[PDB]
Structures are given as structure tokens and as C-alpha cells.
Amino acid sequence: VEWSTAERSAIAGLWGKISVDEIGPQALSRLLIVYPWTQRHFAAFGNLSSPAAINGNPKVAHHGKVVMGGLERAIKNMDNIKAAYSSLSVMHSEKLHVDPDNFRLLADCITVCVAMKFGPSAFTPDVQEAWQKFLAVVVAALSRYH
């Protein structure tokens, strides 16, 4: 995949401002609230019985951080993302059988929480553009390797 130097720096400035401790738990909570079938993949977690329980759940939070850590791994390897994710792909394909449409749903909830935090002046169309190309590489790479 080719990045523009505009993309590269857009991605890097945005990631640079993300508080992983904040967005992570928030994005995972929003997926389990907005797409609650997704709770069945995490029923080792608690206590997903209501929005409140989701937001107070330490494993949800921890795991939202761990998701941002998957993203940070794609950040540092932007030219070879597919390879960085190869184990992740196997674990989400061959082991969890997470239907791929879900990775799209999480990426969308991530975007939503980024947008909400940065507002119109920082979450620019051109920034969204490059963020989205990035998440589409990630999702692809998560996402069965044929």
C-alpha cells in the first residue's frame, strides 16, 4: 500500500494526540453498547449487562487499551501492516471466528470517538481520509489471509 507524506503525517499527528487510555476503553464500550451481539465474543469479561456496567468494567477498559496497542503496532509498521498482523488475523479468523464485519464496526466506533474528541478543526476531512485508509488496511489485515 502506498501512503502519501500528507497521510503519514496526518496519521502520525492524530495518533500523537490520542490518549490510548481514554479512546481505547471508550471505543470498546461503544461497540458493545451499539453493536451488542459483539458482547458474546467477550463473555469472559463480566458484566456487560448495561451501559454503566460496560463503562465500569476493568477488562473492557484494559482491553480497549490493548486494541489501541494493535493500532500502534500498525503505526510503527505502516508499509508492512499485513505481516505485522499475521498472528492477529489467525487469532481473529481461525480461532475466535469474529465475522470481519465486526472489525469494520470497531474501526467505526474508534473513528466516532476520535471525531468526538478532536472536533471539526482537528478532525478534518483530509485527516479522516487518511485515518480511514489506515483503518481499512488494518481491518483488511485482520481479516482472513488467503
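Note that residue numbering begins at 1 and tracks the sequence as displayed.
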According to the deposited model, is the average Cα temperature factor higher in 52 to 60 or in 77 to 85? 77 to 85
Of 116 to 124 and 25 to 33, the one with larger mean CA B-factor: 116 to 124
Should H92 be placed in the lowest, middle or highest third of its chain by the C-alpha B factor in the entry? highest
Quick tally, chain-level thirds of C-alpha B-factors: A43 sits in the highest
